[PDB]
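Please read the structure below before turning to the comments.
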Amino acid sequence: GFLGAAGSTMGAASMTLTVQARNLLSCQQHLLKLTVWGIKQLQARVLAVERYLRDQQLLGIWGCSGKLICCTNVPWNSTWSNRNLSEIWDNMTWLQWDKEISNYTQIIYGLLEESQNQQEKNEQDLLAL
Amino acid sequence: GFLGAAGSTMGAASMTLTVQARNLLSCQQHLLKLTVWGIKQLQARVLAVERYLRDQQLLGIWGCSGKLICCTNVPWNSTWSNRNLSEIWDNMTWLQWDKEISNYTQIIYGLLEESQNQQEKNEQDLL
Amino acid sequence: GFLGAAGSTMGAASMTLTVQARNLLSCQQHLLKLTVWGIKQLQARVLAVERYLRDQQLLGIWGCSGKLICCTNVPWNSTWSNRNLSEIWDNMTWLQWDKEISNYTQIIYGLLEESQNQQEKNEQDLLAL
Amino acid sequence: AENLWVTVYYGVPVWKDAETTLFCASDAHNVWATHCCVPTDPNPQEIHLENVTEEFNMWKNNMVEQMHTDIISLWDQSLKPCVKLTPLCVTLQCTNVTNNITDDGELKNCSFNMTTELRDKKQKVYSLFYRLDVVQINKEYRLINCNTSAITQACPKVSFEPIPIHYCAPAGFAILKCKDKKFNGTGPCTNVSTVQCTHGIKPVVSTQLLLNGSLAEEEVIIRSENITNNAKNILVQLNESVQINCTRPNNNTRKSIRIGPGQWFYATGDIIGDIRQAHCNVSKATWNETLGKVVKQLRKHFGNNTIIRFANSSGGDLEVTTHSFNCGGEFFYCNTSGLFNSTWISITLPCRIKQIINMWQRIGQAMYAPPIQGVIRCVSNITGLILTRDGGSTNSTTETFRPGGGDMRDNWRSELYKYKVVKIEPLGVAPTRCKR
Amino acid sequence: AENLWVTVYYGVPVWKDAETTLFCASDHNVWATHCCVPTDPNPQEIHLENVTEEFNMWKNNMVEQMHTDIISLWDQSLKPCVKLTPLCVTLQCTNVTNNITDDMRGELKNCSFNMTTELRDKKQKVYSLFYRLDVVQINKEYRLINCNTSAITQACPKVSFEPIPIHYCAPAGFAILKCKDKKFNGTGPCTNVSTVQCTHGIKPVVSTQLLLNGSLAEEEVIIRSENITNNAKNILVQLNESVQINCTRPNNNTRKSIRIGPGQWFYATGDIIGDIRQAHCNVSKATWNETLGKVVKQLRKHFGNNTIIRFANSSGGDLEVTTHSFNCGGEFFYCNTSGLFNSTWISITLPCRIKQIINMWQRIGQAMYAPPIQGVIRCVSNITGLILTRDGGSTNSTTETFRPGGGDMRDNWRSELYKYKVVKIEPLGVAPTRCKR
Amino acid sequence: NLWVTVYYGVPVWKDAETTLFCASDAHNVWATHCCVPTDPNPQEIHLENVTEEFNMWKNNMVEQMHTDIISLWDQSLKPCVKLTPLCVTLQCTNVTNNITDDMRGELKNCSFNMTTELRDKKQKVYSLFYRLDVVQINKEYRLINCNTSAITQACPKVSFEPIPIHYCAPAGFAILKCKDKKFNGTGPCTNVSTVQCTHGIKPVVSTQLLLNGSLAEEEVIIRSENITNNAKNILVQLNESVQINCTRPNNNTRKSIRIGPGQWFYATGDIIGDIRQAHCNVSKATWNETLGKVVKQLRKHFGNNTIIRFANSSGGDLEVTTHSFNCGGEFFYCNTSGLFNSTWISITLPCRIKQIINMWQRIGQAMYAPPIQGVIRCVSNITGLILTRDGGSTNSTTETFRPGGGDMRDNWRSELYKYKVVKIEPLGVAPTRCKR
Ligand SMILES: *[C@@H]1O[C@H](CO)[C@@H](O[C@@H]2O[C@H](CO)[C@@H](O[C@@H]3O[C@H](CO)[C@@H](O)[C@H](O[C@H]4O[C@H](CO)[C@@H](O)[C@H](O)[C@@H]4O)[C@@H]3O)[C@H](O)[C@H]2NC(C)=O)[C@H](O)[C@H]1NC(C)=O
Ligand SMILES: *[C@@H]1O[C@H](CO)[C@@H](O[C@@H]2O[C@H](CO)[C@@H](O[C@@H]3O[C@H](CO)[C@@H](O)[C@H](O[C@H]4O[C@H](CO)[C@@H](O)[C@H](O)[C@@H]4O)[C@@H]3O)[C@H](O)[C@H]2NC(C)=O)[C@H](O)[C@H]1NC(C)=O
Ligand SMILES: *[C@@H]1O[C@H](CO)[C@@H](O)[C@H](O)[C@H]1NC(C)=O
Ligand SMILES: *[C@@H]1O[C@H](CO)[C@@H](O)[C@H](O)[C@H]1NC(C)=O
Ligand SMILES: *[C@@H]1O[C@H](CO)[C@@H](O)[C@H](O)[C@H]1NC(C)=O
Ligand SMILES: *[C@@H]1O[C@H](CO)[C@@H](O)[C@H](O)[C@H]1NC(C)=O
Ligand SMILES: *[C@@H]1O[C@H](CO)[C@@H](O)[C@H](O)[C@H]1NC(C)=O
Ligand SMILES: *[C@@H]1O[C@H](CO)[C@@H](O)[C@H](O)[C@H]1NC(C)=O
Ligand SMILES: *[C@@H]1O[C@H](CO)[C@@H](O)[C@H](O)[C@H]1NC(C)=O
Ligand SMILES: *[C@@H]1O[C@H](CO)[C@@H](O)[C@H](O)[C@H]1NC(C)=O
Ligand SMILES: *[C@@H]1O[C@H](CO)[C@@H](O)[C@H](O)[C@H]1NC(C)=O
Ligand SMILES: *[C@@H]1O[C@H](CO)[C@@H](O)[C@H](O)[C@H]1NC(C)=O
Ligand SMILES: *[C@@H]1O[C@H](CO)[C@@H](O)[C@H](O)[C@H]1NC(C)=O
Ligand SMILES: *[C@@H]1O[C@H](CO)[C@@H](O)[C@H](O)[C@H]1NC(C)=O
Ligand SMILES: *[C@@H]1O[C@H](CO)[C@@H](O)[C@H](O)[C@H]1NC(C)=O
Ligand SMILES: *[C@@H]1O[C@H](CO)[C@@H](O)[C@H](O)[C@H]1NC(C)=O
Ligand SMILES: *[C@@H]1O[C@H](CO)[C@@H](O)[C@H](O)[C@H]1NC(C)=O
Ligand SMILES: *[C@@H]1O[C@H](CO)[C@@H](O)[C@H](O)[C@H]1NC(C)=O
Ligand SMILES: *[C@@H]1O[C@H](CO)[C@@H](O)[C@H](O)[C@H]1NC(C)=O
Ligand SMILES: *[C@@H]1O[C@H](CO)[C@@H](O)[C@H](O)[C@H]1NC(C)=O
């Protein structure tokens with residue numbers, strides 16, 4: 001299936017991440033003569049494009065572009081999940097996960113942007129002797 | 001020019017691929033009142049964008065995104081065409097080539113996706 | 001803090017690039033018939049996308065795709081400037097510095113494009129050992 | 001814990017509830033056919049999701065709001081380019097039609113002076129009218145709509161015959177469906193699957209009795225957002241349909257007159273046969289058995305051995321007191337009181353006909369429906385009912401239900417019941433053992 | 001010597017002047033319903049440290065955008081309303097003599113005519129009241145003043161045009177620079193600036209001669225002009241504190257709804273309840289004298305002390321030029337301000353007239369009918385500025401006269417837009433460095 | 001040892017149908033539609049060694065030009081004054097004074113009762129009419145189009161004068177032109193180049209004879225989708241142009257009549273001086289030489305020693321039996337028989353004037369031309385014509401050619417024969433001597 005049930009073993013589910021991304025992109029007078037109908041459909045297309053681009057831009061700025069699973073250089077903070085690792089991969093369910101970490105969503109992202117910035121900053125001086 | 005050397009042999013035509021790629025993306029208040037016309041023009045813009053992105057996504061899927069020219073690990077089958085490289089690179093017009101093997105487009109794309117999926121999965125076992 | 005530190009030192013200002021860049025991507029149904037209002041707004045969304053993509057394409061072609069800060073194998077010309085590094089990219093701001101080389105926008109881009117084109121050609125010949 | 005790092009994933013198959021518009025798809029001169037250009041998928045792919053329990057709320061289902069809005073919009077779009085009938089808001093001179101009288105005052109023979117192609121002349125012409133469209137001026141009559149609002153003639157070449165419509169999600173969205181055969185109005189059902197487009201639903205409009213919809217796979221189901229609240233309506237889904245045979249048996253012809261330069265009006269001319277009343281035939285035994293099944297289910301909420309009564313509705317406009325039909329473009333208002341005439345513990349329904357139609361209880365924008373030539377037969381499958389529960393009952397042993405009615409989103413609420421729309425959200429995080 | 005390399009940076013905090021669209025946002029009313037998307041309760045204004053820029057309010061395209069968009073919505077509001085073309089009839093008229101004061105000398109006119117009834121076959125004889133300004137004589141027969149020029153559309157009685165603060169917001173990729181530098185000239189460099197995503201909301205107030213319900217003017221009377229030496233240009237004056245003005249329509253009117261052929265209704269002015277009085281506005285004379293004294297000091301700042309400063313108390317042009325304009329409650333007032341300008345520097349009641357058929361700014365191809373307002377009208381406004389023109393070209397440098405009027409809503413909207421400029425962000429920058437691939 | 005190489009930005013294309021936008025050089029209707037300025041220096045890129053197939057008979061740009069022209073024409077007229085109030089009985093007599101021997105009662109003098117601004121007032125006016133637009137009832141006449149459709153008057157301030165308009169490709173598309181010589185209009189050619197925009201083509205409207213177009217590379221070119229199909233139009237592109245001088249000799253008055261509030265009608269007033277008929281002058285020798293050139297080429301297609309007759313077209317609606325054109329804003333219907341009266345092996349053509357027309361031969365919409373004051377004239381270049389074959393039997397000995405055309409798309413087809421638009425397809429594949 002296109003989406004799995006996402007109940008456990010997301011590591012296997014990961015084999016489909018490619019299709020999920022692929023399907024994000026894809027009458028004449030039948031619609032052209034109709035002003036409201038035509039504008040609603042264009043609005044839908046545009047917003048779909050914007051969603052696509054925001055996700056890709058974030059992966060880029062965080063240094064995760066091109067990967068489906070990205071290991072970062074930002075440590076896990078205890079506040080995010082006080083639960084130990086054993087429960088997260090199998091005991092937790094990804095949708096259930098997302099509810100609990102709603103509050104620490106932006107902070108995860110700011111740290112990722114900053115660490116990527118620091119890495120590129122440092123690259124400049126590896127080239128400069 | 002933009003499609004200059006379109007009729008030339010592909011071995012040389014490929015040297016200007018960057019030019020062509022860049023150009024793909026290139027009383028106004030009167031025109032705002034043209035309720036159907038304005039939609040036709042806005043659709044043209046939207047459609048061009050989607051096509052561009054679609055092709056770029058495919059490169060990401062197949063790998064080599066960001067590159068102008070790139071080779072994959074998918075072998076040439078020789079059934080698509082059994083013509084040799086001396087002829088392909090020195091005598092054939094890029095356009096002629098494109099026409100000659102147009103059947104096999106879908107086959108190749110499916111193969112490109114699978115090879116890229118496999119490589120990422122394999123990279124993970126190192127850690 | 002989107003355009004914050006616009007008056008800061010050019011060198012120091014590199015540390016705010018993540019913010020300036022990420023922010024570039026950002027009853028309503030009753031206004032669907034308000035054709036001019038609605039079309040202008042939708043066009044603005046589309047046009048913003050087009051600008052974004054043109055800059056991203058240029059980066060991909062020039063090389064350093066996905067980076068916030070990068071450099072290439074193109075030397076700086078004496079016709080662009082004859083200034084010390086200690087006063088350029090330091091001890092001045094970007095608004096005024098940018099004005100100083102506005103002539104050369106196009107030549108620089110052309111040079112960036114040709115250099116990357118030649119490098120990729122050579123990479124394929126190196127791969128074909 | 002000391003070795004955990006942030007990891008981020010992209011393309012993760014998870015979602016949140018969300019609203020977005022849907023695309024209209026069809027198959028196979030017809031408004032809906034022209035609108036719903038996009039063809040359906042001959043092979044939709046249903047994905048069963050095994051480890052999913054998900055809460056559905058048909059009563060907070062946004063799909064209903066869109067279907068309603070879009071239908072009223074298409075109705076207007078199809079009427080926009082048609083000939084306006086303002087010139088008919090004149091004194092009308094009427095007499096009774098006794099010519100081949102049936103003895104079942106419904107039909108009148110009326111005349112008026114209409115402008116010819118030149119502005120300098122008007123011609124006295126005549127046509128036939130139903131009393132439901134004509135009101136007395138204290139032989140002097142006026143059309144009813146002219147009392148309050150403008151009317152436009154429906155175009156004679158434009159069809160509104162229902163075509164099942166499938167609604168399809170935009171990329172980034174998915175339509176989820178509840179497959180639980182006993183699913184009630186709200187709740188966390190365990191039979192959940194994902195589709196790209198809905199099952200097609202014909203845009204059938206009726207009041208009181210729901211025609212040509214879906215049947216319950218197992219048993220008749222009674223659904224409501226709040227069944228104990230008498231302010232809410234009750235929707236009843238049947239497991240078996242009941243066939244109903246309807247007719248407008250009078251063989252007549254239509255006239256066409258010129259109002260202006262390319263402006264034509266079509267109207268009922270003489271009846272070219274004798275006259276008899278319109279009606280619907282419901283199998284008696286089937287109806288009584290069907291109702292008994294409903295009663296068995298009502299007892300679940302109203303008491304194991306309570307007294308259940310069916311009665312005629314309160315009065316009001318025909319749109320809420322009779323059964324509304326649209327058969328070939330003619331509208332009927334059938335008397336269904338005999339279907340609700342019992343207490344539990346070949347039925348002929350006479351039908352009224354009218355040509356001035358109001359849509360979705362919206363005051364103006366009246367429409368005129370030119371007549372069908374010859375006669376018309378209409379056959380339909382009843383799939384459900386709208387019932388209203390009486391309030392004010394202090395005697396707990398007796399509960400009375402009457403035919404209900406109201407806004408047409410709710411017919412669609414029932415057909416769209418099993419559907420929900422969500423947005424897919426590809427990014428997420430987890431702790432990991434790996435780092436850059 | 002160092003052989004510095006080309007470095008490419010993305011997200012560089014620089015900009016260039018630019019023109020784009022504007023999103024409109026609020027916090028039945030026309031502006032309120034169209035500006036659906038809410039504003040930011042607390043815009044995160046960014047002070048720009050060590051940044052200066054230039055502003056030029058006379059070249060500010062937002063003035064044109066505000067103007068174009070407002071008129072567009074104005075027309076949109078009228079698009080679905082009933083037309084009054086059936087009212088262009090011969091009117092049989094006499095002037096009301098019942099309980100009328102000394103000033104209202106035939107100003108209120110009583111007319112009757114044969115109008116179309118619900119069925120188009122019949123006519124109804126009706127009568128209604130009119131203001132003299134809108135009715136003209138044929139060759140006791142009268143016609144509506146606009147029967148020759150254009151169709152009149154009745155405004156919908158349920159729709160409000162009360163000004164509300166609408167904020168203009170930048171599209172992504174754009175920024176609005178605001179000038180904070182106090183007492184800014186309007187055309188020079190500004191050395192205290194900040195960045196916002198949305199401007200201060202501006203109420204779309206429409207007036208003539210005086211500017212109502214604007215800003216504090218930087219706590220000083222300030223006089224700005226595109227060209228100070230060109231007497232043909234408008235002078236925009238902002239005041240240090242407002243002058244309160246109390247306006248009334250001292251007549252208890254009847255709204256008489258009449259059904260016409262179409263299902264639509266016409267709103268006639270019915271009979272007056274009680275006596276008939278002239279409309280007027282009350283201005284504190286002391287406040288007004290102090291206000292002008294401050295304006296006069298600023299005029300000396302520009303032209304010298306060795307002159308005599310006079311204001312005109314008369315002007316040419318039509319009613320929309322010669323009188324002050326108010327629209328309280330949707331009632332259109334034309335107030336005589338000549339009494340405010342006797343001047344000649346080294347309370348006061350201004351009578352007002354009422355008109356119901358309203359022409360439109362910068363147009364003549366249409367007309368609108370303002371339904372009558374039942375009851376009485378009272379409002380209070382803040383006079384925050386003036387539009388003045390000097391009656392110059394004279395060789396008598398000793399004196400000069402500043403005439404009120406010459407208003408154009410674009411100039412009136414320039415006030416309160418002048419503080420903002422739109423620029424676009426250009427994230428791509430290049431500079432020399434120590435390092436190369 | 002070859003592997004797949006993926007390349008991006010490759011110079012290939014496929015034929016495609018897209019939407020083109022217009023540009024101009026700078027209150028003309030064409031002018032206000034093309035807000036995009038032209039490029040002062042178009043860049044024609046020669047394509048070395050590109051052979052390409054063009055087909056004018058299947059060129060979608062013809063349809064694009066057509067749709068935009070018809071649509072624009074109507075858009076221009078949408079805001080102009082409607083003439084419904086003038087569809088009244090006319091009281092008519094003949095104009096008899098100051099008339100020369102040729103205009104035998106074609107000019108009519110009519111009067112009528114019409115509206116004024118106040119509903120309570122009426123006025124009586126008179127105006128002049130052409131016989132072609134007025135029909136007798138059963139002294140009493142009416143305007144011809146009163147039964148069929150609304151007639152509006154074109155705005156006197158609006159110019160429909162043709163401006164060469166340039167069509168430009170959207171990004172991702174290019175316009176390929178055949179710059180070869182005397183190209184057939186079908187099949188391959190070897191001189192191929194590309195442009196960003198086409199040259200400007202005036203939206204000339206004419207029927208049997210083609211004005212202000214191509215000079216056919218100094219040779220007569222005979223073009224046809226199917227040259228052996230007698231029923232097809234044969235397009236003739238001439239070697240050199242033939243000058244034609246057209247005039248409307250009468251000195252006219254423009255009478256302004258009030259209709260209502262901001263509503264005006266422009267009527268024809270009295271003619272000053274003698275009343276004469278419209279006509280066009282064609283150089284006789286030039287025209288006779290021109291036909292001989294055409295015949296030489298026709299023989300190449302139909303037989304080397306055969307007889308070619310040129311003759312008058314068959315009858316039908318005036319608009320398709322004459323060399324119709326718009327000159328000064330006036331509508332001329334010039335007699336063709338004197339232009340086609342010879343057998344192979346200065347002349348004057350009289351013209352009729354009409355004001356109410358069916359633009360683009362559509363029925364259901366009508367427009368009334370305004371009066372023009374003074375006298376008018378123009379000079380045009382005959383660059384081509386449309387002919388059909390009579391056939392009816394097979395006879396290698398002889399054939400007859402008569403004027404055809406009238407479908408505006410063929411005028412446009414002729415000028416557009418030089419080019420097509422294609423979609424650029426930047427992604428492609430070829431083998432290489434390496435892998436990752
Ligand atoms: C400058 O700003 C001032 C702000 O005070 C503004 O004057 C105000 O105008 C409003 C709108 O006309 C007045 O609002 C009224 O308040 C009374 C309170 O008793 C209400 O009863 C009124 O109700 C009627 O009108 C409503 C219109 O929406 C109807 O919905 C309702 O059913 C009634 O018919 C109405 O709300 C307000 O009172 C005045 N302020 C003062 C002190 O009188 C002034 O107009 C602005 N100047 C300019 C030039 O814009
Ligand atoms: C083939 O090309 C020829 C040459 O261009 C073309 O004939 C020309 O047509 C135009 C438009 O009808 C003529 O333009 C006129 O020029 C005179 C100059 O004295 C003006 O006075 C005329 O009108 C004025 O008054 C109008 C009042 O309503 C204004 O609206 C207008 O703007 C002017 O002020 C008008 O401009 C031109 O003179 C002729 N050329 C010749 C030699 O007569 C012909 O029609 C083209 N044929 C085809 C099929 O395209
Ligand atoms: C490609 O090669 C495989 C064998 O590996 C063969 O089965 C397939 O048919 C070939 N493709 C084509 C187009 O012939
Ligand atoms: C402005 O200049 C002062 C020194 O006078 C410096 O300390 C401050 O950081 C500068 N501001 C910015 C934004 O760089
Ligand atoms: C109908 O008309 C026929 C004559 O054509 C007559 O014999 C018959 O009785 C009429 N029916 C009624 C109900 O009057
Ligand atoms: C005439 O019409 C009235 C009203 O419908 C009805 O009551 C009456 O019986 C009719 N008369 C005849 C003869 O049918
Ligand atoms: C038609 O007009 C005549 C007057 O010519 C009038 O007497 C008659 O009553 C009118 N009839 C109708 C049905 O309106
Ligand atoms: C449906 O039934 C469940 C129990 O199975 C209950 O929790 C839920 O509230 C019910 N929903 C409705 C329609 O009230
Ligand atoms: C259901 O209706 C009862 C009245 O019969 C009311 O008290 C209760 O609050 C309602 N519950 C909900 C969830 O609407
Ligand atoms: C209800 O049943 C009774 C049985 O006596 C019958 O007389 C009555 O007519 C019925 N009513 C309806 C509406 O069928
Ligand atoms: C109308 O006003 C004039 C004053 O100009 C007066 O002479 C005349 O008598 C008035 N009309 C009446 C009521 O007679
Ligand atoms: C209404 O029409 C009659 C026709 O006899 C005329 O005498 C009367 O003056 C008209 N009334 C008005 C107010 O114009
Ligand atoms: C301030 O405005 C005046 C009047 O137009 C002008 O002459 C002066 O140069 C302006 N000041 C600056 C700094 O531009
Ligand atoms: C307006 O009326 C109020 C009544 O309380 C009064 O206090 C105020 O001073 C008046 N303002 C003017 C300008 O007359
Ligand atoms: C006018 O007087 C002020 C004192 O208030 C003085 O500062 C200014 O310079 C004087 N201006 C002239 C023209 O002398
Ligand atoms: C292509 O055209 C050029 C034109 O100069 C010619 O020299 C060349 O031989 C042709 N063929 C190829 C393969 O380049
Ligand atoms: C105008 O109307 C009068 C009405 O008495 C009639 O006699 C006259 O003939 C009409 N004239 C025309 C030209 O229709
Ligand atoms: C030129 O067009 C005619 C049209 O019927 C066709 O028969 C002929 O083959 C074409 N010439 C070429 C070279 O294709
Ligand atoms: C003129 O026409 C005659 C046929 O009527 C023809 O014989 C003659 O050759 C023509 N002259 C020219 C120059 O073509
Ligand atoms: C054609 O030529 C003949 C020559 O006898 C002449 O009589 C006839 O009138 C001419 N017809 C036309 C249309 O010129």
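Ordering of the structure tokens sets the chain letters (A, B, ...), residue numbers begin anew at 1 in every chain, and ligands are numbered from 1 in the order given.
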Residue D:58 environment, 6 Å, only C-alpha atoms, sequence neighbours closer than 2 positions dropped, as a list in words: residues 60, 61 and 417 of chain D
Pick out each residue of stretch 25-60 of chain B that DSSP on the backbone tags as helix (DSSP H, G or I); I need them as a ChimeraX atom specification. /B:28-31,37-60
List the neighbours of residue B:36 out to 12 Å using only C-alpha atoms; skip same-chain residues closer than 6 positions along the sequence, and give me the result as a PyMOL selection string. (chain A and resi 28-29+31-39) or (chain B and resi 42-43) or (chain C and resi 35-36+39) or (chain F and resi 68+71-72+75)
Do you know which residues are at most 12 Å from residue E:392 counting only C-alpha atoms, after dropping those on the same chain fewer than 3 positions away, and could you put them as a list in words?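 Listing them by chain and then by number gives residues 228, 229, 230, 231, 232, 233, 310, 311, 312, 388, 389, 395, 396, 397, 398, 399, 400, 401, 402 and 403 of chain E.
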Could you take the residues named above and write them with N, CA, C and O atoms, as a short mmCIF file (atom, residue, chain, number, x, y, z; two decimals), in the first residue's frame?
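This went into part_10.cif:
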```
data_model
loop_
_atom_site.label_atom_id
_atom_site.label_comp_id
_atom_site.auth_asym_id
_atom_site.auth_seq_id
_atom_site.Cartn_x
_atom_site.Cartn_y
_atom_site.Cartn_z
N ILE E 228 8.00 73.20 -2.99
CA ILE E 228 7.64 74.34 -2.14
C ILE E 228 7.59 75.65 -2.92
O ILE E 228 7.00 76.63 -2.46
N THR E 229 8.23 75.70 -4.08
CA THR E 229 8.26 76.93 -4.83
C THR E 229 7.22 76.93 -5.93
O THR E 229 7.12 77.89 -6.70
N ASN E 230 6.46 75.85 -6.05
CA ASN E 230 5.47 75.77 -7.10
C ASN E 230 4.07 75.96 -6.50
O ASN E 230 3.55 75.09 -5.79
N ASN E 231 3.45 77.08 -6.79
CA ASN E 231 2.16 77.42 -6.18
C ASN E 231 1.01 76.57 -6.71
O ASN E 231 -0.10 76.63 -6.20
N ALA E 232 1.26 75.80 -7.75
CA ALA E 232 0.24 74.96 -8.32
C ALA E 232 0.14 73.62 -7.60
O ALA E 232 -0.72 72.80 -7.93
N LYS E 233 1.05 73.36 -6.66
CA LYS E 233 1.06 72.07 -5.98
C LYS E 233 0.31 72.12 -4.65
O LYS E 233 0.25 73.15 -3.99
N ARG E 310 -2.35 85.00 4.87
CA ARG E 310 -3.78 85.00 4.75
C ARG E 310 -4.20 83.64 4.25
O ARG E 310 -3.39 82.91 3.71
N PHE E 311 -5.43 83.25 4.52
CA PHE E 311 -5.95 82.01 4.01
C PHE E 311 -7.11 82.41 3.14
O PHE E 311 -7.72 83.45 3.38
N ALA E 312 -7.39 81.66 2.10
CA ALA E 312 -8.54 82.06 1.31
C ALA E 312 -9.79 81.63 2.02
O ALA E 312 -9.82 80.58 2.64
N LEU E 388 -3.84 72.63 1.48
CA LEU E 388 -3.80 74.04 1.11
C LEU E 388 -3.09 74.29 -0.21
O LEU E 388 -2.19 73.54 -0.59
N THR E 389 -3.48 75.33 -0.94
CA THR E 389 -2.73 75.74 -2.14
C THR E 389 -2.47 77.24 -2.07
O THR E 389 -3.39 78.01 -1.81
N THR E 395 3.56 89.03 -7.71
CA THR E 395 4.82 89.71 -7.49
C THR E 395 4.82 90.42 -6.14
O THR E 395 5.84 90.94 -5.66
N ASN E 396 3.66 90.43 -5.49
CA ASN E 396 3.52 91.10 -4.21
C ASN E 396 3.95 90.17 -3.11
O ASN E 396 3.12 89.65 -2.36
N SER E 397 5.27 90.02 -2.97
CA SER E 397 5.93 89.07 -2.07
C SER E 397 5.64 89.35 -0.61
O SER E 397 5.83 88.49 0.25
N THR E 398 5.13 90.54 -0.35
CA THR E 398 4.75 91.00 0.96
C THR E 398 3.66 90.12 1.54
O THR E 398 3.61 89.94 2.75
N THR E 399 2.71 89.65 0.73
CA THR E 399 1.63 88.87 1.30
C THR E 399 1.43 87.59 0.51
O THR E 399 1.71 87.55 -0.68
N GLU E 400 0.81 86.60 1.14
CA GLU E 400 0.43 85.40 0.41
C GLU E 400 -0.83 84.81 1.00
O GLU E 400 -1.06 84.90 2.20
N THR E 401 -1.65 84.21 0.13
CA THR E 401 -2.91 83.61 0.56
C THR E 401 -2.98 82.10 0.32
O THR E 401 -2.83 81.63 -0.80
N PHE E 402 -3.28 81.36 1.37
CA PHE E 402 -3.35 79.91 1.30
C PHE E 402 -4.78 79.39 1.30
O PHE E 402 -5.50 79.47 2.29
N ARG E 403 -5.21 78.89 0.17
CA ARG E 403 -6.57 78.46 -0.02
C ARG E 403 -6.80 77.00 0.32
O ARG E 403 -6.01 76.17 -0.10
#
```
Surroundings of ligand 12 up to 7 Å, based on only C-alpha atoms and all ligand atoms, as number ranges by chain: E: 90-92, 112-114, 125
Could you give me the residues within stretch 20-179 of chain D that DSSP places in strand (DSSP E or B), as a ChimeraX atom specification? /D:23-26,30,38-39,47-48,54-57,84,92-96,107-115,122-130,134-136,140-143,151-153,159,165-168,173-178
Residues within 6 Å of ligand 8, counting only C-alpha atoms and all ligand atoms, as a count of residues only: 7
How close does chain D get to chain F? List, as a Markdown table, each residue of chain D within 7 Å, its nearest atom pair and the distance in Å to one decimal, counting only C-alpha atoms.
```
| residue | atom | partner | partner_atom | distance |
| --- | --- | --- | --- | --- |
| D:117 | CA | F:147 | CA | 5.4 |
| D:118 | CA | F:88 | CA | 5.2 |
| D:119 | CA | F:88 | CA | 5.6 |
| D:120 | CA | F:88 | CA | 5.9 |
| D:260 | CA | F:147 | CA | 6.8 |
| D:261 | CA | F:149 | CA | 4.3 |
| D:262 | CA | F:148 | CA | 4.8 |
```
Taking only C-alpha atoms into account and nothing else, which residues of chain F lie no more than 12 Å away from chain A? Please answer as number ranges by chain. F: 18-19, 67
